[PDB]
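With JSON, N, CA and C atoms inside, this is entry-v5.json:
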```
[["chain", "number", "residue", "atom", "x", "y", "z"],
["C", 1, "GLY", "N", -0.71, -1.10, -13.76],
["C", 1, "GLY", "CA", 0.13, -2.28, -13.65],
["C", 1, "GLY", "C", 0.83, -2.39, -12.31],
["C", 2, "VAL", "N", 0.31, -3.24, -11.44],
["C", 2, "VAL", "CA", 0.86, -3.42, -10.10],
["C", 2, "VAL", "C", 1.91, -4.51, -10.15],
["C", 3, "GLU", "N", 3.13, -4.18, -9.77],
["C", 3, "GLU", "CA", 4.27, -5.08, -9.86],
["C", 3, "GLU", "C", 4.72, -5.45, -8.45],
["C", 4, "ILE", "N", 4.55, -6.71, -8.08],
["C", 4, "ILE", "CA", 4.80, -7.18, -6.73],
["C", 4, "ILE", "C", 6.19, -7.81, -6.67],
["C", 5, "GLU", "N", 6.98, -7.40, -5.67],
["C", 5, "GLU", "CA", 8.30, -7.99, -5.40],
["C", 5, "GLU", "C", 8.35, -8.30, -3.91],
["C", 6, "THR", "N", 7.89, -9.49, -3.54],
["C", 6, "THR", "CA", 7.66, -9.83, -2.15],
["C", 6, "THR", "C", 8.96, -10.25, -1.47],
["C", 7, "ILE", "N", 9.25, -9.63, -0.33],
["C", 7, "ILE", "CA", 10.19, -10.21, 0.63],
["C", 7, "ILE", "C", 9.46, -11.33, 1.36],
["C", 8, "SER", "N", 10.07, -12.52, 1.37],
["C", 8, "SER", "CA", 9.34, -13.79, 1.47],
["C", 8, "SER", "C", 8.39, -13.97, 2.65],
["C", 9, "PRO", "N", 8.81, -13.85, 3.92],
["C", 9, "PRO", "CA", 8.20, -14.68, 4.98],
["C", 9, "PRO", "C", 6.77, -14.30, 5.32],
["C", 10, "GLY", "N", 6.03, -15.29, 5.81],
["C", 10, "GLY", "CA", 4.62, -15.15, 6.10],
["C", 10, "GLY", "C", 3.94, -16.50, 6.10],
["C", 11, "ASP", "N", 2.80, -16.61, 5.41],
["C", 11, "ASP", "CA", 2.14, -17.90, 5.25],
["C", 11, "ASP", "C", 1.75, -18.16, 3.80],
["C", 12, "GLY", "N", 1.52, -17.10, 3.04],
["C", 12, "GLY", "CA", 1.18, -17.24, 1.64],
["C", 12, "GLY", "C", -0.21, -17.74, 1.35],
["C", 13, "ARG", "N", -1.11, -17.73, 2.32],
["C", 13, "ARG", "CA", -2.45, -18.24, 2.08],
["C", 13, "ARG", "C", -3.55, -17.31, 2.58],
["C", 14, "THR", "N", -3.26, -16.47, 3.57],
["C", 14, "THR", "CA", -4.29, -15.65, 4.20],
["C", 14, "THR", "C", -4.59, -14.49, 3.27],
["C", 15, "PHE", "N", -5.50, -14.72, 2.38],
["C", 15, "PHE", "CA", -5.64, -13.72, 1.33],
["C", 15, "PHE", "C", -6.77, -12.76, 1.64],
["C", 16, "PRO", "N", -6.61, -11.48, 1.28],
["C", 16, "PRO", "CA", -7.66, -10.50, 1.56],
["C", 16, "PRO", "C", -8.88, -10.71, 0.69],
["C", 17, "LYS", "N", -10.05, -10.55, 1.30],
["C", 17, "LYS", "CA", -11.33, -10.66, 0.61],
["C", 17, "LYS", "C", -12.18, -9.43, 0.93],
["C", 18, "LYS", "N", -13.39, -9.42, 0.39],
["C", 18, "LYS", "CA", -14.32, -8.35, 0.69],
["C", 18, "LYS", "C", -14.83, -8.47, 2.12],
["C", 19, "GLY", "N", -15.22, -7.33, 2.69],
["C", 19, "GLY", "CA", -15.67, -7.31, 4.07],
["C", 19, "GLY", "C", -14.58, -7.57, 5.08],
["C", 20, "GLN", "N", -13.32, -7.34, 4.72],
["C", 20, "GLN", "CA", -12.20, -7.59, 5.61],
["C", 20, "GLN", "C", -11.45, -6.29, 5.84],
["C", 21, "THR", "N", -11.35, -5.89, 7.11],
["C", 21, "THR", "CA", -10.61, -4.71, 7.51],
["C", 21, "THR", "C", -9.21, -5.13, 7.92],
["C", 22, "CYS", "N", -8.20, -4.51, 7.31],
["C", 22, "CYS", "CA", -6.82, -4.95, 7.46],
["C", 22, "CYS", "C", -5.93, -3.78, 7.84],
["C", 23, "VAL", "N", -4.71, -4.13, 8.27],
["C", 23, "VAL", "CA", -3.77, -3.21, 8.89],
["C", 23, "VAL", "C", -2.44, -3.31, 8.16],
["C", 24, "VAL", "N", -1.93, -2.17, 7.70],
["C", 24, "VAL", "CA", -0.71, -2.11, 6.90],
["C", 24, "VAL", "C", 0.25, -1.10, 7.51],
["C", 25, "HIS", "N", 1.50, -1.53, 7.73],
["C", 25, "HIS", "CA", 2.59, -0.62, 8.10],
["C", 25, "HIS", "C", 3.26, -0.10, 6.82],
["C", 26, "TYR", "N", 2.57, 0.80, 6.14],
["C", 26, "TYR", "CA", 3.10, 1.27, 4.87],
["C", 26, "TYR", "C", 4.16, 2.35, 5.10],
["C", 27, "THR", "N", 4.89, 2.64, 4.03],
["C", 27, "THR", "CA", 5.87, 3.72, 4.03],
["C", 27, "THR", "C", 5.99, 4.25, 2.61],
["C", 28, "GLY", "N", 5.71, 5.54, 2.43],
["C", 28, "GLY", "CA", 5.77, 6.12, 1.11],
["C", 28, "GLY", "C", 7.20, 6.42, 0.69],
["C", 29, "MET", "N", 7.43, 6.31, -0.61],
["C", 29, "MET", "CA", 8.72, 6.64, -1.21],
["C", 29, "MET", "C", 8.48, 7.14, -2.62],
["C", 30, "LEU", "N", 9.12, 8.25, -2.96],
["C", 30, "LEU", "CA", 9.05, 8.78, -4.32],
["C", 30, "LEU", "C", 10.18, 8.19, -5.15],
["C", 31, "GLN", "N", 9.84, 7.71, -6.35],
["C", 31, "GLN", "CA", 10.86, 7.26, -7.28],
["C", 31, "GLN", "C", 11.68, 8.45, -7.76],
["C", 32, "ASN", "N", 13.01, 8.33, -7.64],
["C", 32, "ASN", "CA", 13.97, 9.42, -7.81],
["C", 32, "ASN", "C", 13.60, 10.61, -6.92],
["C", 33, "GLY", "N", 13.24, 10.30, -5.68],
["C", 33, "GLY", "CA", 12.86, 11.30, -4.72],
["C", 33, "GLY", "C", 12.99, 10.75, -3.32],
["C", 34, "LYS", "N", 12.50, 11.53, -2.37],
["C", 34, "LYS", "CA", 12.61, 11.20, -0.96],
["C", 34, "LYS", "C", 11.31, 10.60, -0.45],
["C", 35, "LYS", "N", 11.22, 10.41, 0.86],
["C", 35, "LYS", "CA", 9.99, 9.94, 1.47],
["C", 35, "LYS", "C", 8.93, 11.02, 1.45],
["C", 36, "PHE", "N", 7.67, 10.58, 1.49],
["C", 36, "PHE", "CA", 6.57, 11.51, 1.64],
["C", 36, "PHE", "C", 5.52, 11.06, 2.65],
["C", 37, "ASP", "N", 5.53, 9.80, 3.08],
["C", 37, "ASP", "CA", 4.51, 9.33, 4.00],
["C", 37, "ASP", "C", 5.05, 8.12, 4.75],
["C", 38, "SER", "N", 4.63, 7.98, 6.00],
["C", 38, "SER", "CA", 5.07, 6.86, 6.83],
["C", 38, "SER", "C", 4.07, 6.63, 7.95],
["C", 39, "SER", "N", 3.41, 5.47, 7.93],
["C", 39, "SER", "CA", 2.61, 5.06, 9.08],
["C", 39, "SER", "C", 3.48, 4.68, 10.26],
["C", 40, "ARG", "N", 4.74, 4.30, 10.01],
["C", 40, "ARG", "CA", 5.65, 3.91, 11.07],
["C", 40, "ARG", "C", 6.04, 5.08, 11.95],
["C", 41, "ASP", "N", 6.00, 6.31, 11.42],
["C", 41, "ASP", "CA", 6.35, 7.47, 12.23],
["C", 41, "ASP", "C", 5.23, 7.82, 13.20],
["C", 42, "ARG", "N", 3.98, 7.67, 12.77],
["C", 42, "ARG", "CA", 2.85, 8.04, 13.62],
["C", 42, "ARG", "C", 2.48, 6.96, 14.61],
["C", 43, "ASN", "N", 2.94, 5.72, 14.39],
["C", 43, "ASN", "CA", 2.64, 4.54, 15.22],
["C", 43, "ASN", "C", 1.14, 4.26, 15.33],
["C", 44, "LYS", "N", 0.38, 4.66, 14.32],
["C", 44, "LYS", "CA", -1.05, 4.36, 14.22],
["C", 44, "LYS", "C", -1.24, 3.66, 12.89],
["C", 45, "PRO", "N", -1.27, 2.33, 12.87],
["C", 45, "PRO", "CA", -0.97, 1.63, 11.62],
["C", 45, "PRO", "C", -2.11, 1.48, 10.62],
["C", 46, "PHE", "N", -2.93, 2.52, 10.44],
["C", 46, "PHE", "CA", -3.80, 2.73, 9.28],
["C", 46, "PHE", "C", -4.78, 1.56, 9.07],
["C", 47, "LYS", "N", -5.71, 1.44, 10.00],
["C", 47, "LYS", "CA", -6.75, 0.43, 9.87],
["C", 47, "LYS", "C", -7.70, 0.80, 8.74],
["C", 48, "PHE", "N", -7.91, -0.12, 7.80],
["C", 48, "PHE", "CA", -8.75, 0.17, 6.65],
["C", 48, "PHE", "C", -9.35, -1.11, 6.11],
["C", 49, "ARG", "N", -10.51, -0.97, 5.47],
["C", 49, "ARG", "CA", -11.23, -2.08, 4.86],
["C", 49, "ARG", "C", -10.95, -2.13, 3.36],
["C", 50, "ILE", "N", -11.49, -3.15, 2.70],
["C", 50, "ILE", "CA", -11.16, -3.45, 1.31],
["C", 50, "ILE", "C", -12.40, -3.26, 0.45],
["C", 51, "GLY", "N", -12.24, -2.49, -0.64],
["C", 51, "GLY", "CA", -13.21, -2.45, -1.71],
["C", 51, "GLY", "C", -13.95, -1.14, -1.85],
["C", 52, "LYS", "N", -13.91, -0.28, -0.83],
["C", 52, "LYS", "CA", -14.74, 0.91, -0.79],
["C", 52, "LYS", "C", -14.08, 2.13, -1.42],
["C", 53, "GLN", "N", -13.02, 1.92, -2.22],
["C", 53, "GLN", "CA", -12.28, 2.97, -2.93],
["C", 53, "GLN", "C", -11.73, 4.04, -1.99],
["C", 54, "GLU", "N", -11.30, 3.60, -0.80],
["C", 54, "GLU", "CA", -10.62, 4.50, 0.11],
["C", 54, "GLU", "C", -9.24, 4.85, -0.42],
["C", 55, "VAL", "N", -8.40, 3.83, -0.61],
["C", 55, "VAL", "CA", -7.04, 3.98, -1.10],
["C", 55, "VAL", "C", -7.04, 4.11, -2.62],
["C", 56, "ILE", "N", -5.88, 4.41, -3.18],
["C", 56, "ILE", "CA", -5.67, 4.51, -4.62],
["C", 56, "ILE", "C", -5.80, 3.15, -5.29],
["C", 57, "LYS", "N", -5.88, 3.15, -6.62],
["C", 57, "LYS", "CA", -6.07, 1.90, -7.36],
["C", 57, "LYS", "C", -4.85, 1.00, -7.31],
["C", 58, "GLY", "N", -3.65, 1.58, -7.28],
["C", 58, "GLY", "CA", -2.45, 0.77, -7.25],
["C", 58, "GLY", "C", -2.25, 0.05, -5.93],
["C", 59, "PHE", "N", -2.53, 0.73, -4.82],
["C", 59, "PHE", "CA", -2.43, 0.11, -3.51],
["C", 59, "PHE", "C", -3.53, -0.91, -3.28],
["C", 60, "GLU", "N", -4.66, -0.77, -3.97],
["C", 60, "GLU", "CA", -5.79, -1.67, -3.76],
["C", 60, "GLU", "C", -5.50, -3.06, -4.32],
["C", 61, "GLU", "N", -4.92, -3.13, -5.52],
["C", 61, "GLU", "CA", -4.62, -4.42, -6.12],
["C", 61, "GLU", "C", -3.40, -5.08, -5.47],
["C", 62, "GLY", "N", -2.42, -4.28, -5.06],
["C", 62, "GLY", "CA", -1.22, -4.84, -4.46],
["C", 62, "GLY", "C", -1.45, -5.41, -3.08],
["C", 63, "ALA", "N", -2.37, -4.83, -2.32],
["C", 63, "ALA", "CA", -2.69, -5.37, -1.00],
["C", 63, "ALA", "C", -3.47, -6.67, -1.11],
["C", 64, "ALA", "N", -4.32, -6.79, -2.13],
["C", 64, "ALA", "CA", -5.11, -8.00, -2.32],
["C", 64, "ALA", "C", -4.27, -9.18, -2.79],
["C", 65, "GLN", "N", -3.12, -8.92, -3.41],
["C", 65, "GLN", "CA", -2.24, -9.97, -3.90],
["C", 65, "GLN", "C", -1.21, -10.41, -2.87],
["C", 66, "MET", "N", -1.42, -10.10, -1.60],
["C", 66, "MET", "CA", -0.49, -10.45, -0.54],
["C", 66, "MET", "C", -1.14, -11.44, 0.42],
["C", 67, "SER", "N", -0.41, -11.77, 1.48],
["C", 67, "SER", "CA", -0.92, -12.60, 2.55],
["C", 67, "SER", "C", -0.36, -12.09, 3.87],
["C", 68, "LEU", "N", -0.70, -12.78, 4.95],
["C", 68, "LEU", "CA", -0.33, -12.35, 6.30],
["C", 68, "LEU", "C", 1.17, -12.46, 6.52],
["C", 69, "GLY", "N", 1.76, -11.40, 7.09],
["C", 69, "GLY", "CA", 3.16, -11.37, 7.40],
["C", 69, "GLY", "C", 4.07, -11.02, 6.24],
["C", 70, "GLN", "N", 3.54, -10.96, 5.02],
["C", 70, "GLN", "CA", 4.37, -10.74, 3.85],
["C", 70, "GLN", "C", 4.84, -9.29, 3.78],
["C", 71, "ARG", "N", 5.85, -9.07, 2.94],
["C", 71, "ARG", "CA", 6.47, -7.76, 2.79],
["C", 71, "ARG", "C", 6.72, -7.55, 1.30],
["C", 72, "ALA", "N", 5.87, -6.76, 0.66],
["C", 72, "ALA", "CA", 5.95, -6.56, -0.78],
["C", 72, "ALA", "C", 6.71, -5.28, -1.09],
["C", 73, "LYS", "N", 6.74, -4.93, -2.37],
["C", 73, "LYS", "CA", 7.42, -3.73, -2.84],
["C", 73, "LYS", "C", 6.64, -3.22, -4.05],
["C", 74, "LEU", "N", 5.74, -2.27, -3.81],
["C", 74, "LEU", "CA", 4.86, -1.80, -4.86],
["C", 74, "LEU", "C", 5.60, -0.89, -5.84],
["C", 75, "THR", "N", 5.04, -0.80, -7.04],
["C", 75, "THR", "CA", 5.45, 0.18, -8.04],
["C", 75, "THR", "C", 4.16, 0.63, -8.71],
["C", 76, "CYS", "N", 3.56, 1.68, -8.17],
["C", 76, "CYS", "CA", 2.27, 2.15, -8.66],
["C", 76, "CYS", "C", 2.46, 3.03, -9.88],
["C", 77, "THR", "N", 1.75, 2.69, -10.95],
["C", 77, "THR", "CA", 1.81, 3.45, -12.18],
["C", 77, "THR", "C", 1.15, 4.82, -11.98],
["C", 78, "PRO", "N", 1.51, 5.81, -12.80],
["C", 78, "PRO", "CA", 0.87, 7.13, -12.65],
["C", 78, "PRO", "C", -0.62, 7.14, -12.93],
["C", 79, "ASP", "N", -1.09, 6.34, -13.89],
["C", 79, "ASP", "CA", -2.49, 6.41, -14.29],
["C", 79, "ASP", "C", -3.45, 5.78, -13.29],
["C", 80, "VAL", "N", -2.96, 5.10, -12.26],
["C", 80, "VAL", "CA", -3.86, 4.52, -11.27],
["C", 80, "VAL", "C", -3.95, 5.34, -9.99],
["C", 81, "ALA", "N", -2.99, 6.23, -9.72],
["C", 81, "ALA", "CA", -3.05, 7.00, -8.49],
["C", 81, "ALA", "C", -3.19, 8.50, -8.71],
["C", 82, "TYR", "N", -2.20, 9.16, -9.31],
["C", 82, "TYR", "CA", -2.22, 10.61, -9.36],
["C", 82, "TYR", "C", -1.64, 11.22, -10.62],
["C", 83, "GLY", "N", -1.24, 10.42, -11.62],
["C", 83, "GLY", "CA", -0.40, 10.91, -12.71],
["C", 83, "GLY", "C", -1.04, 11.95, -13.60],
["C", 84, "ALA", "N", -2.37, 12.01, -13.63],
["C", 84, "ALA", "CA", -3.02, 13.11, -14.31],
["C", 84, "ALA", "C", -2.97, 14.39, -13.48],
["C", 85, "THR", "N", -3.43, 14.32, -12.23],
["C", 85, "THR", "CA", -3.54, 15.49, -11.38],
["C", 85, "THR", "C", -2.33, 15.67, -10.47],
["C", 86, "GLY", "N", -2.05, 14.70, -9.61],
["C", 86, "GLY", "CA", -1.05, 14.88, -8.59],
["C", 86, "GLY", "C", -1.63, 15.53, -7.35],
["C", 87, "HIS", "N", -1.32, 14.97, -6.18],
["C", 87, "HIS", "CA", -1.82, 15.52, -4.94],
["C", 87, "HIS", "C", -1.12, 16.85, -4.65],
["C", 88, "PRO", "N", -1.86, 17.91, -4.29],
["C", 88, "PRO", "CA", -1.31, 19.27, -4.34],
["C", 88, "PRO", "C", -0.20, 19.52, -3.34],
["C", 89, "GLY", "N", 0.99, 19.82, -3.86],
["C", 89, "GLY", "CA", 2.16, 20.06, -3.06],
["C", 89, "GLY", "C", 2.93, 18.82, -2.66],
["C", 90, "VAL", "N", 2.28, 17.67, -2.59],
["C", 90, "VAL", "CA", 2.90, 16.45, -2.08],
["C", 90, "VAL", "C", 3.28, 15.50, -3.20],
["C", 91, "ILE", "N", 2.41, 15.35, -4.19],
["C", 91, "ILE", "CA", 2.64, 14.44, -5.31],
["C", 91, "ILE", "C", 2.63, 15.25, -6.60],
["C", 92, "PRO", "N", 3.71, 15.26, -7.37],
["C", 92, "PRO", "CA", 3.72, 16.01, -8.62],
["C", 92, "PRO", "C", 2.89, 15.30, -9.68],
["C", 93, "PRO", "N", 2.47, 16.01, -10.73],
["C", 93, "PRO", "CA", 1.80, 15.33, -11.84],
["C", 93, "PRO", "C", 2.75, 14.41, -12.58],
["C", 94, "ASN", "N", 2.21, 13.28, -13.04],
["C", 94, "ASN", "CA", 2.93, 12.20, -13.73],
["C", 94, "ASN", "C", 4.07, 11.67, -12.86],
["C", 95, "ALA", "N", 3.69, 11.09, -11.72],
["C", 95, "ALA", "CA", 4.64, 10.55, -10.76],
["C", 95, "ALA", "C", 4.41, 9.06, -10.58],
["C", 96, "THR", "N", 5.50, 8.34, -10.33],
["C", 96, "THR", "CA", 5.46, 6.90, -10.13],
["C", 96, "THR", "C", 5.91, 6.59, -8.71],
["C", 97, "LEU", "N", 5.12, 5.81, -8.00],
["C", 97, "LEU", "CA", 5.21, 5.72, -6.55],
["C", 97, "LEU", "C", 5.82, 4.40, -6.11],
["C", 98, "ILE", "N", 6.53, 4.45, -4.98],
["C", 98, "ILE", "CA", 7.20, 3.29, -4.39],
["C", 98, "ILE", "C", 6.67, 3.12, -2.97],
["C", 99, "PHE", "N", 6.36, 1.88, -2.60],
["C", 99, "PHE", "CA", 5.81, 1.60, -1.28],
["C", 99, "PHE", "C", 6.49, 0.41, -0.63],
["C", 100, "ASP", "N", 6.79, 0.54, 0.65],
["C", 100, "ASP", "CA", 7.17, -0.58, 1.50],
["C", 100, "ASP", "C", 5.93, -0.99, 2.28],
["C", 101, "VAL", "N", 5.39, -2.16, 1.96],
["C", 101, "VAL", "CA", 4.09, -2.60, 2.46],
["C", 101, "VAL", "C", 4.28, -3.90, 3.23],
["C", 102, "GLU", "N", 3.83, -3.91, 4.48],
["C", 102, "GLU", "CA", 3.75, -5.13, 5.27],
["C", 102, "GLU", "C", 2.34, -5.26, 5.84],
["C", 103, "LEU", "N", 1.73, -6.42, 5.64],
["C", 103, "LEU", "CA", 0.37, -6.68, 6.09],
["C", 103, "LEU", "C", 0.41, -7.44, 7.41],
["C", 104, "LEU", "N", 0.09, -6.75, 8.50],
["C", 104, "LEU", "CA", 0.00, -7.35, 9.83],
["C", 104, "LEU", "C", -1.40, -7.06, 10.33],
["C", 105, "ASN", "N", -2.34, -7.93, 9.99],
["C", 105, "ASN", "CA", -3.75, -7.57, 10.10],
["C", 105, "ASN", "C", -4.61, -8.52, 10.91],
["C", 106, "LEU", "N", -5.91, -8.29, 10.85],
["C", 106, "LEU", "CA", -6.94, -9.24, 11.23],
["C", 106, "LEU", "C", -7.86, -9.45, 10.02],
["C", 107, "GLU", "N", -8.85, -10.32, 10.21],
["C", 107, "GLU", "CA", -9.89, -10.64, 9.22],
["C", 107, "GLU", "C", -9.34, -11.13, 7.88]]
```
Using the file provided, produce a representation of the structure as structure tokens.
Amino acid sequence: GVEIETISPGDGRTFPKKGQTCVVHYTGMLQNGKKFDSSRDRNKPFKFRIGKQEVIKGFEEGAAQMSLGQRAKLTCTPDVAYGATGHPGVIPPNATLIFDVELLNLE
């Protein structure tokens, strides 16, 4: 269950499709926890395409429901990303994830 809470500005029409490589200034946040990931710290804003199961299931649906310039607020459920296993040392089992996502892309 991907729950979108968009901070408004953008265009609201430039929607992601297949065969489109896009750019996200994401920032990881643990619910009842601290940060764990930030593309803003590395200044290399994570160029990636859509559909090839690169990213987790929660980030995949939330990015497709956005448009250019928008700023959403993800709440990824445990069963779509890591809640069975958990990424070793970084993500505990049965964890619910928070993301600051801004789509500043091409295509």
For this session: Work out how far apart atom CA of residue 11 of chain C and atom CA of residue 68 of chain C are and give it in Å to one decimal.
Result: 6.2 Å
For this session: Name the residues of segment 12-43 of chain C that fall into helix (DSSP H, G or I) according to DSSP on the backbone, using the chain letters and numbers of this document, as a PyMOL selection string.
Result: chain C and resi 39-42
For this session: Pick out the closest residue to residue 7 of chain C from this set: C:51, C:28, C:69, C:45. Count only C-alpha atoms.
Result: C:69
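Distances from C:30, C:76, C:50, C:4 to residue 107 of chain C were compared using only C-alpha atoms, and the smallest one belongs to C:50.
Relative to atom N of residue 88 of chain C, atom N of residue 62 of chain C is found at 22.2 Å.
Relative to atom C of residue 40 of chain C, atom CA of residue 27 of chain C is found at 8.0 Å.
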Exercise. Running DSSP on the backbone, which parts of chain C land in strand (DSSP E), as a ChimeraX atom specification?
Worked result: /C:21-23,27-30,47-49,71-76,97-102
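Distance check against residue 49 of chain C using only C-alpha atoms: of C:106, C:21, C:71, C:34, the minimum falls on C:21.
If you measure from each of C:97, C:66, C:103, C:2 to residue 29 of chain C using only C-alpha atoms, the closest one turns out to be C:97.
With distances taken over only C-alpha atoms, C:102 is the one residue among C:60, C:3, C:102, C:79 lying closest to residue 26 of chain C.
Between residue 83 of chain C and the candidates C:96, C:105, C:31, C:8, the tightest atom-to-atom separation, counting all atoms listed in the file, involves C:96.
All polymer residues at most 9 Å from (-4.8, 1.9, -6.7), using only C-alpha atoms, appear as residues 2, 53, 55, 56, 57, 58, 59, 60, 61, 62, 76, 77, 80 and 81 of chain C.
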Problem set entry | residue 73 of chain C environment, 5 Å, all atoms listed in the file, sequence neighbours closer than 2 positions dropped, as a count of residues only | 5
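For residue 82 of chain C, the residues within 7 Å (counting all atoms listed in the file, excluding itself and residues fewer than 2 positions away along the chain) are residues 77, 78, 79, 80, 84, 85, 86, 87, 92, 93, 94 and 95 of chain C.
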Excluding residue 104 of chain C and residues on its chain fewer than 5 positions from it, collect all residues at most 6 Å away from it, counting all atoms listed in the file, and give them as a short mmCIF file (atom, residue, chain, number, x, y, z; two decimals) with N, CA and C atoms, keeping the file's coordinate frame.
```cif
data_model
loop_
_atom_site.label_atom_id
_atom_site.label_comp_id
_atom_site.auth_asym_id
_atom_site.auth_seq_id
_atom_site.Cartn_x
_atom_site.Cartn_y
_atom_site.Cartn_z
N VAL C 23 -4.71 -4.13 8.27
CA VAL C 23 -3.77 -3.21 8.89
C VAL C 23 -2.44 -3.31 8.16
N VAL C 24 -1.93 -2.17 7.70
CA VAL C 24 -0.71 -2.11 6.90
C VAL C 24 0.25 -1.10 7.51
N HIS C 25 1.50 -1.53 7.73
CA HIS C 25 2.59 -0.62 8.10
C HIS C 25 3.26 -0.10 6.82
N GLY C 69 1.76 -11.40 7.09
CA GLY C 69 3.16 -11.37 7.40
C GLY C 69 4.07 -11.02 6.24
#
```
